[PDB]
Amino acid sequence: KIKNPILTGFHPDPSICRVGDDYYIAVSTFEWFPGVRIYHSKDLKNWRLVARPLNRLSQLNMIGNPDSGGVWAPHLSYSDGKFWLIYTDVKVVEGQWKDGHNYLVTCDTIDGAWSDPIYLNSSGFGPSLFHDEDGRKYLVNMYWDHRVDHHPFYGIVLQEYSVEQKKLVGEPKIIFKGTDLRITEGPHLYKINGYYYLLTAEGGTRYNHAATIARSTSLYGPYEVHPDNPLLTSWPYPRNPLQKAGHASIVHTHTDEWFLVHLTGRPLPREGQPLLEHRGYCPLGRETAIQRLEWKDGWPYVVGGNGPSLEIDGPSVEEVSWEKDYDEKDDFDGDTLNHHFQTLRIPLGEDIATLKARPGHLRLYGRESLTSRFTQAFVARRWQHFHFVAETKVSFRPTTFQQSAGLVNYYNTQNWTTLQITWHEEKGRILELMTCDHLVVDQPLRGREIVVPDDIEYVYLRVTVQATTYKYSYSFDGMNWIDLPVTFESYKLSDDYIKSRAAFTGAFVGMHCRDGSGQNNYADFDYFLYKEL
Amino acid sequence: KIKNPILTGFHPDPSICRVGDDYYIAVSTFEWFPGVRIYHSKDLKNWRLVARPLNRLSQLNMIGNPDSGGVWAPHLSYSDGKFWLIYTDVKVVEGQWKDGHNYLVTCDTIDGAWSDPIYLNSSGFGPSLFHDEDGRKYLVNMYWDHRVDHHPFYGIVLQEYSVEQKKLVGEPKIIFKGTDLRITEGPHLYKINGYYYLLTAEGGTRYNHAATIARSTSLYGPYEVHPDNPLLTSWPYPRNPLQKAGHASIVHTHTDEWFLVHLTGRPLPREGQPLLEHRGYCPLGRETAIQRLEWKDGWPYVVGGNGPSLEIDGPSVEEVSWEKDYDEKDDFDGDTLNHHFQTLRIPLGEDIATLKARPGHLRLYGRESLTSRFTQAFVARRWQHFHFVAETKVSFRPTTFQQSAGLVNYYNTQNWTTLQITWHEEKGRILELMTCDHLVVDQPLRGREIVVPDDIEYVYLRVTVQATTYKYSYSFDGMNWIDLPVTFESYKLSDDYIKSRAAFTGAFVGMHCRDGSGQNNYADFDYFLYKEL
Amino acid sequence: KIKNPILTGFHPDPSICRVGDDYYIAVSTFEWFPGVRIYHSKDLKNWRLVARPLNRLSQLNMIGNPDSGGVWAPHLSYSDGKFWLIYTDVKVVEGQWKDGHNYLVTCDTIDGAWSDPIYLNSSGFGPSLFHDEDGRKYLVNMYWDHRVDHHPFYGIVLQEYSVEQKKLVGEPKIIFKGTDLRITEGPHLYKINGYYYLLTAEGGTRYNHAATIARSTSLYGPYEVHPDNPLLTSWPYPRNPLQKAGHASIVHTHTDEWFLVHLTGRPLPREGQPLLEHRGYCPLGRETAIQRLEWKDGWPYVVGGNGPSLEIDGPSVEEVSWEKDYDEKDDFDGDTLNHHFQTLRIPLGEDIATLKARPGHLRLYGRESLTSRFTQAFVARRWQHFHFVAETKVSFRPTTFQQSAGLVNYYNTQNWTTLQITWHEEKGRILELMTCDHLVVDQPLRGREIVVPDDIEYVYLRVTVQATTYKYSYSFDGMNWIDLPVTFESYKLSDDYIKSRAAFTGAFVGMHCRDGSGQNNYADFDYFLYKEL
Ligand SMILES: O[C@@H]1[C@@H](O)[C@H](O[C@@H]2CO[C@@H](O)[C@H](O)[C@H]2O)OC[C@H]1O
Ligand SMILES: O[C@@H]1[C@@H](O)[C@H](O[C@@H]2CO[C@@H](O)[C@H](O)[C@H]2O)OC[C@H]1O
Ligand SMILES: O[C@@H]1[C@@H](O)[C@H](O[C@@H]2CO[C@@H](O)[C@H](O)[C@H]2O)OC[C@H]1O
Ligand SMILES: [Ca+2]
Ligand SMILES: [Ca+2]
Ligand SMILES: [Ca+2]
């Protein structure tokens, strides 16, 4: 009844939460602002965005954060009449260290004003709050080992959280070291039948990703490993369209059914290439999928081998679909930008992004380059399909090559492409292509830039994505289009192409304005179109 | 009279200001907080630190700033009853862009409470404020060109600044493109005779560095170039112990004499090595020197040819020397940290660095690792000599390998070495060595670390610097010192060694505490000693 | 009167030899076969190729030699009624070692069958045979030090050679260590007035290259260095069209005049670039220039300062001009290949390259690819001008992608471009472009290759080089020519571009046939043209 993935495009580390017959999934958002995206469902098939909880500087201040830093795996839970959301702001993403900070916020409702943060600890990412049967509370996260000779995933640490004291109490204790996969992270605790079950992710979030499960009658263990571990993995199944299956969380429904949600990468078509040499490139980044579970000797079993199935059988409820929460052609009609739009690291005030300066237009005042981890006037949405068209219509008069405005396909500060309006000494105002690949810049139309006539109020910019390749086009009138003669490869905006390993997001497409001169020049965007093909 | 360098260790981009018979030099401080150092002198020979102007988050907020970002070359001038300070906060320091913002702050007195910044522009670094005879004021700076087919140093832009509107007005114009040396930056304007003189730095701040001067009778040029340009340079003088001479400023003394201050690097000793192949390694970074000028046919000339002289004739005024402004041995009985101490990027409040918690001690609560561009509990002072000892006494009780405290010699987040106390599963509380070289970490004393006796309150940590090499040693009593069996090389803590080439600072020595578990564990430093040998 | 360079394109390490009023210059040929080129002149201005001495496998066997190995600096002298030629076959060109063996061969005549080699030593490249007034003979070369903590240019070794025993005798002894420039190599000995003069190259063969001279009254030293040393250098003359001035040999004329020949690199036009940042790219490799000397206090001085002159006054002799020694349009009617043509490493027999199989054609039977250091059916001549056209007309019927024939511009196995005929599964016989940069291959006409009509017998292939760029073109009928829309960059075929720094040759243009299948397929080339402008 359900076809994976359920959440498409950048949607990793799903954290499922049941409130009655209501289902929530919280995913990680990394450098993209605001922090955490929460989807609500009635049937687990159809998903709707209902919260974006970390929207105040007091809660999440990400300026300067590295690419793929920020909000890693979040944990959503419900207890004592309120939602508990745990999250990390990760500061260092490369080297011996992984500096980052674990915080708790709460709210009586899903889409309310969530509290200011309570500081937990810093010992490692993956934080999860356990609500025990006796009313005591426990935080589990991974424990980080920076030392030269050592594997960094020291195992799972656990420490009591005092609600009243608003702090962890007692001494932290390692309760589990993982199996021989290692890279043990993403711990979740569950009290089921007579056991504590400890769910982890192991093998790392590339092609060796697994969900491991263990159990103990004592919270502190020692835990004993599933006899047929891993619970879920893609590593044995190179032909499965769903790779990387791991970082799971478990739901017990109101219909006495069991499911497992997990991230998964969907590689691009690599027909005619070696099966096991390189398992692929995922521009849609890590998406959220859902597996059916079943129990056998006090152990859950993913229905249909420990590999992910494409289509499963859902829970015994009536289907509930949702109205489309965005315009295919978004004319900038509201007084708030559509909630699929995110900014990099920080909220953009009306001094930078505003619907109030020119009616029915998003206006962007130019800030820093596409390479800045600080202040970019950039509003973007996820690539959410392999085949799509996206388009925009923009008014812009640059007086210098320090100014630009354009349509950008973007991975991170060092990996992106763009069709942009700029200015040139001889040619005046022009259109041009620009790419950045691991910080190396190319201008494919250098010497042959497109002269924009003076009488043109609006330049129309379009990208057409067709799985492995995409192309840009322009129009001066809305009617007559022209392809720019350059084919781009989507694999270059994918998790798997990034040489750092710190590549935890996915491709975005959006609207950018840069003013390197500091003259507060701006571009008026009449609309932004995103349409699946 | 005057031996160079006048400001030793890290003191780049000297901007010199005359007020009557008082003399001030401002130098750049990059990622080090607080922003900008100002020194005073009566005779151009003896110099004391009198101001650290950019000490409010509102003036300078460098959280996340890259290494060698932040405060680049500043400009100090005096006019209309007050001091004017111009500065850049540089956000991007690698690739095609150099995103960064120029700001003006003022004060009636050199060590007053300077204004909050007035925003000027963002078009390039090296901003300078010119006050013309007719009362009018003008900003000059370099203009950045990001384009792939282009040299980035597009020339010198000039624009009128309206004190009344508190903004640049009219239209920006390029007034100078440079000479074939290119890398034209650091513009300063001078009205002399019936001429505007434009001074620039050219050829880049490494071994081809130079200072170039031009003249015009129109503020907007064309400027004719000095007939024997460069005005100053070490490039053709590979044996001059003073290298990289350039980024200069001119001072016309009250006694009708002319001088020129500039940065320089002093390479480590190089015998046995090709004179020209690699011209050296500068652990003291770029330092400040002074040269006499003399005039011919409407042109200035560095007395003693166009290379820098080691020793010069001071101005015709009485010698005025200054009492020492730090203690060789700092016992931490002050109410504030000695002004030769600095922190990374941000101010540290009493929650991180405190002289109050335990009188006679500096307490550092553990924050992030030595590789973090965010929050480090780290207090440090410049290497200002080739030959030195530096030493500290600390009590620390780490309970996990995630915590540490030590003596660090530091270039940047990826380049440092430390003798630190930490914790190990079997040995308990230990002394270890740790190094980071372009992010790659080494533990040279593994697994052969010093065991600290449970009964020892303070560990005594020392480093002895001898030009090319340095050594770490320790005592449990202050009297019986044992060397650690590793010889270190000072060239690895120099501008010239860093692969990125955003390397514009110099070596520091200081005190660090890390707590990556998040338990607020601290270290108490009873004293810090630094002594020239 | 004499305009430099006198030998144009790849002509390094000139060894000049006088015999009455006959003048000879031998240069290095590295991996190009046959080994060594000797040019003759009566006037030092006009030069004609007269000998290629190392043309037998017994003399020079270079199969598998690495790029820029094989025949390094040669030495040509005349004594006791015959010619003496010292050479090196360098086997190792990267790492701590420079494995290579020095050899002596002799001939009564410049252009006869030279003798078989007498092995000499192996201690360092740059061998030179000196002939003392008292009829004794000594060998000088450089001494090679492979050790980690050591500069590899240990200085100059000297040793006597015995004509009767056919070998070196007595003890080897260091006579010279070098100046602070180091990289001491290319030693030559002269006996003049009271002194022996020892000339060397220092600073390395890039932009720091120098000629260094020293004197002693004793053959074994010690040697006092010239007081205004270097004798010759371009290093302080960044504006000089002739760069890398070094590796000289001295000639005393029959007119009692003195000159110095030297190598030199002429960078491509550099307008807009920083003067000193990178001093240039030389696709014509290292060329041979000549300078005039005068004497003063027992020391020779380069007339015109110690930098090289573009134009000099030649010796007071009658001009002797030489007729052009190749056809602009080589129709391949001759019995042997023009002597400007070389092969890689080895000679090619009639089973690979023949003018005999097809009258009026050069036939190449396809062997191994362009990346092979073993057997290539490749016949090539030097780039000798910054603007030229080269062109060929070829008949070729490939039956597999494994077979190619074409026109190649070639630096080494890992750096080259080509316009070539091959075969395609669906399109059949096609014309394509291929490039290789540091072993990375591109096909810029991927998917748009030119279909060759089956009815066409000859494909005409042309390259037009214009200084910084060049462009390929083709025709089927030889009147109407189509440019392939790809603009190539000459700097990618230059010494300076090559990453290994074992880059000692220069760019060639030639004809190539590959048969990767082993079917002995061949290409018939009707002509080869080369023309300046
Ligand atoms: O927050 C999530 C984490 O679960 C994941 O953790 C690891 C980071 O370091 C790398 O060594 C591993 O590949 C990876 O599993 O980071 C990704 C994020 O989604
Ligand atoms: O403030 C000074 C700058 O003026 C200087 O700017 C240049 C930045 O680009 C680099 O490629 C060059 O090396 C450098 O000249 O850098 C140093 C800083 O102190
Ligand atoms: O015959 C010449 C050599 O003597 C010379 O070799 C040196 C080899 O190492 C490089 O680092 C130096 O720059 C170079 O001088 O050049 C090669 C050959 O032409
Ligand atoms: Ca609209
Ligand atoms: Ca004290
Ligand atoms: Ca012919």
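Each value in this text was obtained by applying a stated rule to the coordinates, not by laboratory testing. When we count neighbours, we look across all protein chains shown, and the Cβ atoms used for this are built from the backbone with ideal geometry, even at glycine.
Give me the Å³ per residue figure for the convex hull around the C-alpha atoms of the range C:436-533.
It is 166 Å³ per residue.
Give the Debye-formula value of log10 I(q)/I(0) at each listed q (0.26 Å⁻¹), with one equal scatterer per alpha carbon of the range A:70-119, two decimals each. Per q value, in the given order, log10 I(q)/I(0) is -0.95. For chain B, a simple Cβ point-charge model (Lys and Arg +1, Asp and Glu -1, everything else neutral) yields a dipole of about 780 debye relative to the Cα centre.
When the Cα gyration tensor is reduced to axis lengths a ≥ b ≥ c, the ratio a/c stays below 1.5 for the range A:337-424, which is therefore classed as rounded. Working value for the range C:70-192: equivalent-ellipsoid semi-axes of 25, 17, 12 Å, each the square root of 5 times a Cα gyration tensor eigenvalue, largest first.
Among C:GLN59, B:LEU76, C:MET479, pick out the residue whose Cα is farthest towards the positive end of the charge dipole of the protein assembly as shown, where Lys and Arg carry +1 and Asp and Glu carry -1 on C-beta, about the Cα centre. In the protein assembly as shown, that residue is C:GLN59.
Only sites in a loop by DSSP and with at most 10 other Cβ atoms within 10 Å count here; which trypsin sites (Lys or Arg not before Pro) in the range C:221-314 make the cut? In loop regions of the range C:221-314 (DSSP not H, G, I, E or B), the sparsely surrounded trypsin sites (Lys or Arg not before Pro) are C:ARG239. Along the range A:516-525 the Karplus relation, 6.51 cos²θ - 1.76 cosθ + 1.60 evaluated at θ = phi - 60°, assigns HN-Hα couplings of x, 8, x, 8, 6, 5, 9, 10, 9, 9 Hz to successive residues, with x for each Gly and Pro. Taking θ as phi - 60° and the Karplus parameters 6.51, -1.76 and 1.60, the scalar couplings of the range A:199-205 work out to 8, 10, 9, 9, x, x, 7 Hz in sequence order, x denoting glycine and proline.
Considering only B:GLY186, C:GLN376, C:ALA245, and ranking their Cα positions along the charge dipole of the protein assembly as shown that arises from unit charges at the beta-carbon of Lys, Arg, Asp and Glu, the one farthest toward the positive end is C:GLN376.
Within straight-line reach of B:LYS296, meaning a Cα separation under 24 Å, sit the following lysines at least 8 residues removed in sequence or on another chain: B:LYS191. Loop-resident GluC sites (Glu not before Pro) (DSSP state other than H, G, I, E or B) in the range C:123-188 with no more than 12 further Cβ atoms inside 10 Å of their Cβ: C:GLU133, C:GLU164. Amide H contacts under 5 Å for A:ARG345: A:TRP32, A:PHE33, restricted to partners 5 or more places along the chain or on a different chain, H placed in the peptide plane at 1.01 Å from N. Could you list log10 I(q)/I(0) for the range C:149-209 at q = 0.12, 0.22 Å⁻¹, which the Debye formula gives when each Cα is one point scatterer? Summing over Cα pairs of the range C:149-209 leads to -0.39, -0.98. Each other copy places its own label point for A:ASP111 at 5.9, 9.5 nm from this one, sorted shortest first, where the point lies 7 Å along the Cα-to-beta carbon line.
Here, the protein assembly as shown is characterised by an Rg to Rh ratio of 0.99, where Rg is the alpha-carbon radius of gyration and Rh the Kirkwood radius. The three principal axes of the Cα atoms in the range B:380-465 give end-to-end lengths of 38, 28, 19 Å, sorted in falling order. For the range C:326-533, the tally of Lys pairs with Cα-Cα distances below 29 Å comes to 16, considering only residues 8 or more apart or on different chains. Extension gain for B:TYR220 to B:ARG136 (0.36 nm times residue separation, less C-alpha to C-alpha distance): 28.8 nm.
For the range C:479-519, the residues whose backbone nitrogen is under 13 Å from a point 7 Å from the Cα of C:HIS340, taken along Cα to Cβ, are C:508-510.
Rounded to two decimals, the Cα radius of gyration of the range A:156-274 over 2.2 N^0.38 Å is 1.24. Site pair A:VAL303 and B:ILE482 shows an inter-label distance of 6.6 nm when each label is modelled 7 Å from Cα along Cα→Cβ. Projecting 7 Å from Cα along the Cα-to-Cβ direction, the label point of A:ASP454 sits 5.9, 8.8 nm from its equivalents in the other copies, listed shortest first.
Can you tell me what percent of all Cα-Cα pairs in the range B:1-325 are more than 24 Å apart? Please list the in-between numbers first.
On the way: 27288 of 52650 pairs.
Pairs farther apart than 24 Å: 52 percent.
Note on the range A:1-156: Kirkwood radius taken over Cα pairs, Stokes-Einstein applied at 4 °C and 1.567 mPa s, translational D equal to 79 µm² s⁻¹. 3J(HN,Hα) along the range C:459-469: 9, 9, 10, 9, 10, 10, 9, 10, 6, 6, 9 Hz, from the Karplus curve 6.51 cos²θ - 1.76 cosθ + 1.60 with θ = phi - 60°, whole Hz, x for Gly and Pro.
Ranked from largest, the principal axis spans of the Cα set of the range B:326-533 equal 42, 40, 34 Å. Restricting the GluC sites (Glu not before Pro) of the range B:393-449 to loop positions (DSSP other than H, G, I, E, B) with no more than 12 neighbouring Cβ atoms within 10 Å leaves B:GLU425, B:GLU426. Taking the Cβ of A:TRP258 as the center, what net charge do the other residues with Cβ under 9 Å away carry, scoring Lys and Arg +1 and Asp and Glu -1? Around A:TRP258, the surrounding residues sum to -2.
Mind grabbing the base-10 log of I(q)/I(0) for the range C:5-58 at q = 0.15, 0.18, 0.29 Å⁻¹? Debye formula, identical points on the C-alpha positions, no solvent, two decimal places. Listed by q, the Debye log ratios stand at -0.41, -0.58, -1.23.
Length gained on full extension, B:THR469 to B:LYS82: 134.7 nm, using 0.36 nm per residue less the C-alpha separation. Summary for A:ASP335: label point 7 Å along Cα→Cβ; distances to the equivalent points in the other copies, ascending, 5.2, 10.0 nm.
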